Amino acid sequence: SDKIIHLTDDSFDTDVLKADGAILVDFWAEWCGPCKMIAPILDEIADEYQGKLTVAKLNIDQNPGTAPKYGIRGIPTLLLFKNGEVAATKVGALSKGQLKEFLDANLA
């Protein structure tokens, strides 16, 4: 993309778990309706939140390893990482407005 980290099983530790800041990970798949529905929305958020957090996308079919370690079932699942630790969790789609509220409240 441009600002979105395109994650893999092998880059997860470095990209997410080792990052000095907040990472908003999207677990998601090509066939998933709601994932695709929010994909443009993650684009918007990556812009508005520059220097506050980085957005990262793990497609859980091309990267099957990492999902089971966070007990993911329902997709999309958005996970806020704070310096490699999960602060917050949202399952399913939500609008841009609903995601602002989530981040703003959990980034504090």
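All residue numbers are counted from 1 along the displayed sequence.
Peer 1: Could you check which stretch, 79 to 87 or 47 to 55, carries the larger mean CA temperature factor in the entry?
Peer 2: That would be 47 to 55.
Peer 1: Look over 38 to 46 and 23 to 31 in the entry and identify the one with the greater average Cα temperature factor.
Peer 2: If you average the C-alpha B-factors of 38 to 46 and of 23 to 31, the larger mean comes out for 38 to 46.
Peer 1: What third of its chain's C-alpha B-factors does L99 belong to: lowest, middle or highest?
Peer 2: CA B-factor rank for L99: highest third.
Peer 1: Looking at the C-alpha B-factor of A105, is it in the lowest, middle or highest third of its chain?
Peer 2: Tercile = highest for this residue's CA B-factor.
Peer 1: Compared with the other modelled residues in the chain, in which third is the CA B-factor of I5?
Peer 2: It belongs to the middle third of the chain when residues are ordered by C-alpha B-factor.
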